[PDB]
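Working notes, beginning with the structure itself.
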Amino acid sequence: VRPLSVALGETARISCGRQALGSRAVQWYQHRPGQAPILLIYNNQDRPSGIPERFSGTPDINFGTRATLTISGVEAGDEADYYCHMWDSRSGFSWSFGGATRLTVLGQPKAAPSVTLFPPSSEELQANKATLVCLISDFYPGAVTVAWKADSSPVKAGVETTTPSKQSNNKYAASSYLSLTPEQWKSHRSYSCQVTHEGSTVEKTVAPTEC
Amino acid sequence: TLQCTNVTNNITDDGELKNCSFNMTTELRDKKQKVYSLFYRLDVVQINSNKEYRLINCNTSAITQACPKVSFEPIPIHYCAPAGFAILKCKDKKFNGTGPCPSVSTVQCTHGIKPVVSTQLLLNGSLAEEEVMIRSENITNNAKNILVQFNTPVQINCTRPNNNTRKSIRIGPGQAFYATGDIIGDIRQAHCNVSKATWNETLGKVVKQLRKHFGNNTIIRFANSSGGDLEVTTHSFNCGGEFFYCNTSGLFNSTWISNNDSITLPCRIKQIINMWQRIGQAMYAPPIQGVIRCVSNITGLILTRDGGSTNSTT
Amino acid sequence: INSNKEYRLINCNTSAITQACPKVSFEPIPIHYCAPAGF
Amino acid sequence: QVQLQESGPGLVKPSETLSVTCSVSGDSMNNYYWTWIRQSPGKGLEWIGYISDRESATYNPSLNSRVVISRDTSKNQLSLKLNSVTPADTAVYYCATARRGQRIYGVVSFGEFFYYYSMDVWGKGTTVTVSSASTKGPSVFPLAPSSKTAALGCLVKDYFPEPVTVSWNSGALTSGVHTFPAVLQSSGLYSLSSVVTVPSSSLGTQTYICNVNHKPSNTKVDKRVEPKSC
Ligand SMILES: *[C@@H]1O[C@H](CO[C@@H]2O[C@@H](C)[C@@H](O)[C@@H](O)[C@@H]2O)[C@@H](O[C@@H]2O[C@H](CO)[C@@H](O[C@@H]3O[C@H](CO[C@H]4O[C@H](CO)[C@@H](O)[C@H](O)[C@@H]4O[C@@H]4O[C@H](CO)[C@@H](O[C@@H]5O[C@H](CO)[C@H](O)[C@H](O)[C@H]5O)[C@H](O)[C@H]4NC(C)=O)[C@@H](O)[C@H](O[C@H]4O[C@H](CO)[C@@H](O)[C@H](O)[C@@H]4O[C@@H]4O[C@H](CO)[C@@H](O[C@@H]5O[C@H](CO)[C@H](O)[C@H](O)[C@H]5O)[C@H](O)[C@H]4NC(C)=O)[C@@H]3O)[C@H](O)[C@H]2NC(C)=O)[C@H](O)[C@H]1NC(C)=O
Ligand SMILES: *[C@@H]1O[C@H](CO)[C@@H](O[C@@H]2O[C@H](CO)[C@@H](O[C@@H]3O[C@H](CO[C@H]4O[C@H](CO[C@H]5O[C@H](CO)[C@@H](O)[C@H](O)[C@@H]5O[C@H]5O[C@H](CO)[C@@H](O)[C@H](O)[C@@H]5O)[C@@H](O)[C@H](O[C@H]5O[C@H](CO)[C@@H](O)[C@H](O)[C@@H]5O)[C@@H]4O)[C@@H](O)[C@H](O[C@H]4O[C@H](CO)[C@@H](O)[C@H](O)[C@@H]4O[C@H]4O[C@H](CO)[C@@H](O)[C@H](O)[C@@H]4O[C@H]4O[C@H](CO)[C@@H](O)[C@H](O)[C@@H]4O)[C@@H]3O)[C@H](O)[C@H]2NC(C)=O)[C@H](O)[C@H]1NC(C)=O
Ligand SMILES: *[C@@H]1O[C@H](CO)[C@@H](O[C@@H]2O[C@H](CO)[C@@H](O[C@@H]3O[C@H](CO[C@H]4O[C@H](CO)[C@@H](O)[C@H](O)[C@@H]4O[C@@H]4O[C@H](CO)[C@@H](O)[C@H](O)[C@H]4NC(C)=O)[C@@H](O)[C@H](O[C@H]4O[C@H](CO)[C@@H](O)[C@H](O)[C@@H]4O[C@@H]4O[C@H](CO)[C@@H](O)[C@H](O)[C@H]4NC(C)=O)[C@@H]3O)[C@H](O)[C@H]2NC(C)=O)[C@H](O)[C@H]1NC(C)=O
Ligand SMILES: *[C@@H]1O[C@H](CO)[C@@H](O[C@@H]2O[C@H](CO)[C@@H](O[C@@H]3O[C@H](CO[C@H]4O[C@H](CO[C@H]5O[C@H](CO)[C@@H](O)[C@H](O)[C@@H]5O)[C@@H](O)[C@H](O[C@H]5O[C@H](CO)[C@@H](O)[C@H](O)[C@@H]5O)[C@@H]4O)[C@@H](O)[C@H](O[C@H]4O[C@H](CO)[C@@H](O)[C@H](O)[C@@H]4O)[C@@H]3O)[C@H](O)[C@H]2NC(C)=O)[C@H](O)[C@H]1NC(C)=O
Ligand SMILES: *[C@@H]1O[C@H](CO[C@@H]2O[C@@H](C)[C@@H](O)[C@@H](O)[C@@H]2O)[C@@H](O[C@@H]2O[C@H](CO)[C@@H](O[C@@H]3O[C@H](CO[C@H]4O[C@H](CO)[C@@H](O)[C@H](O)[C@@H]4O)[C@@H](O)[C@H](O[C@H]4O[C@H](CO)[C@@H](O)[C@H](O)[C@@H]4O)[C@@H]3O)[C@H](O)[C@H]2NC(C)=O)[C@H](O)[C@H]1NC(C)=O
Ligand SMILES: *[C@@H]1O[C@H](CO)[C@@H](O[C@@H]2O[C@H](CO)[C@@H](O[C@@H]3O[C@H](CO[C@H]4O[C@H](CO)[C@@H](O)[C@H](O[C@H]5O[C@H](CO)[C@@H](O)[C@H](O)[C@@H]5O)[C@@H]4O)[C@@H](O)[C@H](O)[C@@H]3O)[C@H](O)[C@H]2NC(C)=O)[C@H](O)[C@H]1NC(C)=O
Ligand SMILES: *[C@@H]1O[C@H](CO)[C@@H](O[C@@H]2O[C@H](CO)[C@@H](O[C@@H]3O[C@H](CO)[C@@H](O)[C@H](O)[C@@H]3O)[C@H](O)[C@H]2NC(C)=O)[C@H](O)[C@H]1NC(C)=O
Ligand SMILES: *[C@@H]1O[C@H](CO)[C@@H](O[C@@H]2O[C@H](CO)[C@@H](O)[C@H](O)[C@H]2NC(C)=O)[C@H](O)[C@H]1NC(C)=O
Ligand SMILES: *[C@@H]1O[C@H](CO)[C@@H](O[C@@H]2O[C@H](CO)[C@@H](O)[C@H](O)[C@H]2NC(C)=O)[C@H](O)[C@H]1NC(C)=O
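Protein chains in written order, with the entry's author numbering: chain L, 8 to 66, 66A to 66C, 67 to 95, 95A to 95C, 96 to 212; chain G, 128 to 141, 152 to 185, 187 to 309, 312 to 321, 321A, 322 to 398, 411 to 465; chain G', 184 to 185, 187 to 223; chain H, 1 to 82, 82A to 82C, 83 to 100, 100A to 100P, 101 to 129, 135 to 216. A prime marks a further copy of an entry chain.
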């Protein structure tokens, strides 16, 4: 993969992974994690209905210019992978779209993590299992640490922590599970999930003694 | 011995260009050279792991190469006569070339004559007047060639669309060889375009002139050639540095009796040329860099006839 | 050209070299240029 | 209004036949060309093959001819089959169409174009895990909310393999849903959680039915969420 990063409101341009051989039909493709791909440039400059005019590929002037996208007015929602599928007169059938340029658009404001801690369910406590679930949301950037506290003391025992991952809002989200039993969950006065973001901590504390 | 490969393309064939790696020599007599060049299939032949190839002239005639300074471009030439002699120009419009000439004028030099080295077609020459003139030494003999002269010149655009590279490799001192480099971009092939409209009308104006000498109303058929060397069976000529050999078929696909687009022809290029067939000495035409284009004006023709076949039929 | 250094002639990459055979000399010989009749 | 839908198995043992079916809708099947594409975790995109209006299938030689493609002119369904599956074959799959472009540079009579396929219409996709571990049913429990906008939901615990799908009120509850990732326990089993947002006063009047579906295990749980007895 080829790293690239552009600022906000600027103009970005993305070269092709391969190089032109013969006159070309350049198929530019875009991919977001978990979503489905979208065609932007087919036939080297051509654009479909419903695509922004900020995006312009490279025309065919007989070689010269390589295959390059041009994005005017770069925005925060422009972070994705990019593939240039080079169809040309020489390499023939192209069964690969080239490399991967993953764009990361910086310059975004900071948010604060939305954290909530949950006690085990009335039915789950009847299943002889207690999993402390700590959920985090709406924080830019995605740096977050989930710590478990038994009363005032840290718990490293049975800590199942997921990775903060981008949401649809261009912010991350992270879940954590303290692998435990209905006994250890009720054994301490207050169980505190520590979620720290950008030096500030949003900590939700569940006490079994409070309805 | 040449180690060559079918040229790089994505299938859809059934080549003719080869990436040819061979061990060569340098200006320093001891050290040698390992080089690659791209050759048309007509200049080489194979010999019987990957197939090996060798040049076509190796078993015939000592090969030279016309140095790139000298060109092949036909330059108009006026042949002249000395004192005590002169040249006579026969100017009468309808003239079959034999018998007496009504219009006799004397000059000391001819008009501009490009010594066009070409076959099957005449380019850039003189035009006839009024009817298109039919000239033959003897028309009862099919073997004797028959020549025609147009009153209307015909346009043709000949191109080598490939963008060539010329690799100059040092065989010296003072010697050197200009090879062919890899094509830059699209792989195309040579061709020449001719208007189909003026063409169809040309054959109509011609067929009306044949019906003065042959029949008042008869049938006239055109068909492609018979056989012989490639210099005959195809159309040879130099287009700017290079000698093109073209397939002429669809021009002559016709049958005529009594009462908007254009055409295109395939072409091939050959560098090694023995032209005028003289053995013991060949020649190599260095490749010209890039897309070649030459525009020609067709002033003349050469034809032969068939045989008894069926009595007064076609 | 780039153990002991190796060398090569200067004309090898330029022009085919000959040698004036030792019989023929280079000695300048006085020459009188002359003109024909009518001149 | 051409649209598409997939179907996954969700789990397969190694060296077994894997089947996926893409449903065609909104238009006919003889107007355009069809294709499928997959991607493995950690790796990039990989092309597979295509099939045309005359139904002849074409494949990528990198697949060792282990792929077979068939449409259905009646069903409006595009099927797929794969045998000889390996642990590295766990991936996510899609289906799409192909507009057949022909990029002409020179004279068309000489074959001086080529055939370039530009993709236009796409599809959703499913998930399959190739693993030798037996399937494990999800443990569904209705996490009870607190009393003090609030939060409730249901738990999905100790299931193998993915995917597990959750919904609220059989599709009557939309805005405010936040699902969270499924951790990988050291035993090779996952656990996930989901949450939905409502106004403060909905509690006890609106019945919240969490519908859990683990398709690999065929586990469909309609479990309801109710507040704590306190
Ligand atoms: C150009 O040219 C060039 C040349 O040059 C020239 O010359 C000079 C002089 C000058 O003049 C210049 O100028 C010129 O030009 C060319 O090239 C060439 O060619 C040729 C042809 O022929 C070739 O030859 C060949 O040789 C061979 C030998 O081999 C060896 O050696 C060599 C040299 O030395 C080398 O090269 C090779 O390679 C080898 O060696 C080896 O190798 C390997 C591989 O590669 C290696 O290994 C490696 O190692 C590494 C480390 O180090 C790593 O590990 C890697 O991985 C690996 O791989 C090694 O090392 C090496 N070694 C050394 C170096 O030492 C031979 O062989 C061949 O032969 C063959 O065939 C033939 C026919 O043809 C025959 O006759 C023979 O015999 C053979 O065969 C064989 O046989 C045998 C028996 O006898 C057998 O054996 C057996 O086996 C079995 C099993 O199987 C068992 O074991 C038994 O026991 C046994 O016995 C076998 O098998 C067989 N095989 C077969 C295949 O068959 C040949 O002769 C050469 O080489 C080349 N080169 C050079 C010289 O350099 C070109 O081409 C041109 N071009 C054009 C013309 O164009
Ligand atoms: C002797 O005679 C020989 C035989 O006559 C002769 O051979 C001829 O040689 C010439 C070259 O000199 C060849 O000319 C080429 O023609 C190509 C084909 O052009 C036709 O089709 C295109 C594409 O149009 C699409 O959409 C239209 C309408 O919507 C459809 O009708 C088409 O089918 C096609 O549909 C697409 O989508 C379909 C559905 O998916 C697909 O199924 C389909 O395959 C397609 O993908 C039209 O644009 C053309 O119009 C042009 O020509 C007409 C006159 O005919 C003009 O009026 C008009 O102004 C245009 O000039 C035509 O209908 C051309 O593609 C090719 O030009 C491209 O390649 C050359 C060479 O590399 C480049 O230099 C040039 O820049 C071109 O690339 C641009 O345009 C192409 C167009 O497809 C794009 O694909 C490409 O990405 C790039 O576009 C981008 O940049 C452009 C500016 O650079 C910009 O304008 C674009 O918007 C975009 O940004 C070239 O013209 C010719 O084919 C030979 N054969 C014949 C029969 O003529 C020989 O030369 C003669 N020799 C002599 C000496 O006389
Ligand atoms: C066979 O086919 C070949 C391909 O068609 C053809 O050769 C091709 O020739 C063209 C130019 O004729 C060449 O294209 C560009 O060449 C640039 C350098 O050439 C200069 O100077 C030469 C003199 O030797 C002139 O002949 C050229 O015209 C050009 O002059 C400049 O032209 C511009 C055009 O407006 C004028 O504004 C200038 O004033 C003028 N200067 C003068 C006269 O002094 C070369 O720099 C180009 O490369 C750049 O663009 C490429 C893509 O188009 C990029 O891939 C490459 O990275 C370069 O990007 C540039 O990078 C710079 C610094 O990073 C930036 O500042 C530029 O903004 C940026 N430009 C772009 C557009 O991105 C370019 O190559 C072809 O390269 C050349 N092709 C080959 C394969 O040789 C042959 O002639 C054909 N043969 C025959 C016999 O016909
Ligand atoms: C000058 O121009 C010419 C033309 O441009 C050129 O190139 C040659 O072009 C011709 C094009 O036709 C080449 O192909 C030949 O085609 C022959 C015809 O076969 C067709 O018809 C068959 C039946 O015809 C019936 O009617 C005819 C006419 O009345 C009659 O002769 C027949 O006897 C018969 O009654 C038909 O069978 C055949 O195929 C059918 O069946 C097959 C079964 O397999 C099926 O698969 C097909 O789908 C189809 O249904 C076809 O439809 C053919 O007979 C001929 O082959 C014979 O002769 C050649 C040459 O003598 C032998 O080599 C060969 O072994 C056979 O005996 C041939 O295929 C011809 O090939 C081109 N030339 C060359 C060399 O390849 C010249 O090159 C041009 N020259 C220049 C300098 O430009
Ligand atoms: C001169 O060349 C003509 C072809 O040149 C075309 O145009 C040039 C510019 C090039 O691009 C070249 O590649 C093109 O092909 C040539 O005319 C062509 O003749 C063939 C048949 O000889 C036509 O094919 C179809 O023929 C059948 C009948 O053939 C049967 O009987 C014959 C014997 O008489 C047998 O030999 C055959 O095996 C068959 O058994 C027709 O029924 C059919 O007509 C139908 O389809 C066409 C379109 O393809 C329609 O227009 C009609 O209305 C019918 O629906 C074909 O005619 C081929 O089509 C035809 N081309 C053209 C453009 O007409 C011509 O024969 C050459 N002249 C001479 C003297 O050789
Ligand atoms: C195919 O090619 C042939 C031959 O090339 C064309 O046939 C005719 O060619 C003759 C000349 O061979 C032209 O007829 C006369 O040409 C006279 C000579 O003209 C040259 O010398 C003049 C005085 O020294 C000079 O002024 C003149 O320049 C003129 O043309 C220049 C471009 O060539 C231009 O830059 C100048 O400004 C100026 O216009 C020439 O160097 C000339 O004195 C006569 O007036 C007359 O033109 C015919 O016109 C040619 N055409 C025809 C139809 O007869 C033939 O046309 C070509 N056919 C096709 C289809 O292209
Ligand atoms: C590129 O080089 C290859 C080297 O072989 C050439 O391939 C050869 O192509 C001919 C066709 O002209 C093949 O002959 C065919 O054999 C089949 C099977 O018996 C027969 O059914 C056909 O009628 C025909 O005779 C030949 O086998 C094939 N060589 C090999 C090793 O398979 C190819 O032609 C070269 N390309 C060019 C443009 O020369
Ligand atoms: C060429 O044209 C001439 C007329 O200009 C033909 O006429 C011949 O003229 C000669 C005079 O030298 C006579 O002896 C012949 O008897 C004439 N023959 C005819 C048929 O008229 C001459 O025949 C023509 N030649 C050709 C080959 O057509
Ligand atoms: C051959 O090419 C020449 C140009 O290289 C063509 O000339 C053009 O002819 C048209 C009329 O048909 C004129 O309108 C143009 O102005 C001409 N251009 C030039 C540059 O002269 C000619 O038509 C071509 N002929 C064929 C048969 O292709």
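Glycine residues also receive a C-beta, built at the ideal position from the N, C-alpha and C atoms.
| Asked | Found |
| --- | --- |
| Name the chain L residues that come within less than 8 Å of H/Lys214, Cβ to Cβ? | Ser123 and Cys212 |
| Quick one: is G/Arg178 near chain H, going by C-beta distance under 8 Å? | no |
| Taking C-alpha atoms, which residue in L/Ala144, L/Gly143, L/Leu133 and L/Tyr141 lies nearest to L/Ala151? | L/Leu133 |
| In chain order, what residues of the segment 200-215 of chain G' put their CB closer than 7 Å to some CB of chain G? | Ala200 and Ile201 |
| Please classify L/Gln127: does DSSP put it in a helix, a strand, or coil? | helix |
| G/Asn136 touches chain L at which residues, Cβ-Cβ below 8 Å? | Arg94 and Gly95A |
| Leaving out five residues before and five after G/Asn448 in sequence, what residues of the same chain have Cβ atoms less than 6 Å from its Cβ? | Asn262 and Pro291 |
| Quick one: is the Cβ of G/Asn262 within less than 7 Å of any heavy atom of ligand 6? | yes |
| By DSSP, does G/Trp427 sit in helix, in strand, or in coil? | coil |
| Among H/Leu82, H/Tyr100B and H/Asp53, which has the Cα closest to the Cα of H/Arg96? | H/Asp53 |
| Would you be able to state if there are at least three C-beta pairs under 8 Å between the segment 278-285 of chain G and the segment 244-252 of chain G? | no |
| Beta-carbon within less than 7 Å of G/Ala219's beta-carbon, same chain only, minus the 5 sequence neighbours each way: which residues are those? | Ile225 and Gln246 |
| For the candidate residues G/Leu349, G/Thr465, G/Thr135 and G/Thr337, whose alpha-carbon lies nearest to that of G/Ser274? | G/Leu349 |
| Excluding the 5 residues flanking G/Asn136 on each side, which residues of the same chain have their C-beta closer than 7 Å to its C-beta? | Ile326 |
| Under 9 Å between beta-carbons, which chain H residues line up against G/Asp325? List them in chain order, please. | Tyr100B, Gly100C and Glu100I |
| Leaving out the 5 sequence neighbours to the left and right, which residues in its chain are closer than 7 Å to G/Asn188 when beta-carbon positions are compared? | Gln130 |
| Which runs of the alpha helix (DSSP H), 4 residues or longer, sit entirely within the segment 168-197 of chain L? | 183-187 |
| Is it the case that the CB of G/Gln440 approaches a heavy atom of ligand 6 more closely than 7 Å? | no |
| Please classify L/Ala27: does DSSP put it in a helix, a strand, or coil? | coil |
| Check the DSSP bridge columns for G/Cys296 and list the partner residues they point to. | G/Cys331 and G/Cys445 |
| Rounded to whole angstroms, what's the CA-CA distance from L/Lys205 to H/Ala137? Just pull it up for me. | 13 Å |
| With a cut-off of 8 Å on the beta carbons, I'd call H/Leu141 and H/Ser112 a contact; round off their distance for me. | Not quite, the Cβ-Cβ distance comes to about 23 Å (not below 8 Å), so this is no contact. |
| Less than 8 Å between the C-beta atoms of G/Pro417 and G/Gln293, yes or no? | no |
| Using the beta-carbon of each residue, which ones in chain G' are nearer than 7 Å to G/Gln170? | Here the premise fails: no neighbours, minimum Cβ distance about 13 Å. |
| Are the C-beta of G/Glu164 and some C-beta of chain G' separated by less than 8 Å? | yes |
| Along the segment 104-137 of chain L, what residues have a CB closer than 8 Å to any CB found in chain H? | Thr117, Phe119, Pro120, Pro121, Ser122, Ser123, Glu124, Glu125, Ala128, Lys130, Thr132, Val134 and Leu136 |
| In this structure, does DSSP put L/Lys111 in helix, strand or coil? | coil |
| I'd like to know whether the C-beta of H/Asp101 is nearer than 8 Å to at least one C-beta of chain L. | yes |
| Whose C-beta lies closer than 6 Å to the C-beta of H/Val181 among residues of the same chain, with five residues either side of it excluded? | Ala137, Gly139 and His164 |
| Please report whether the beta-carbon of H/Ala57 lies at a distance below 8 Å from any beta-carbon of chain L. | no |
| Measure from the alpha carbon of G/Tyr318 to the alpha carbon of each residue in G/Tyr435, G/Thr465, G/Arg419 and G/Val333, then state which is nearest. | G/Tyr435 |
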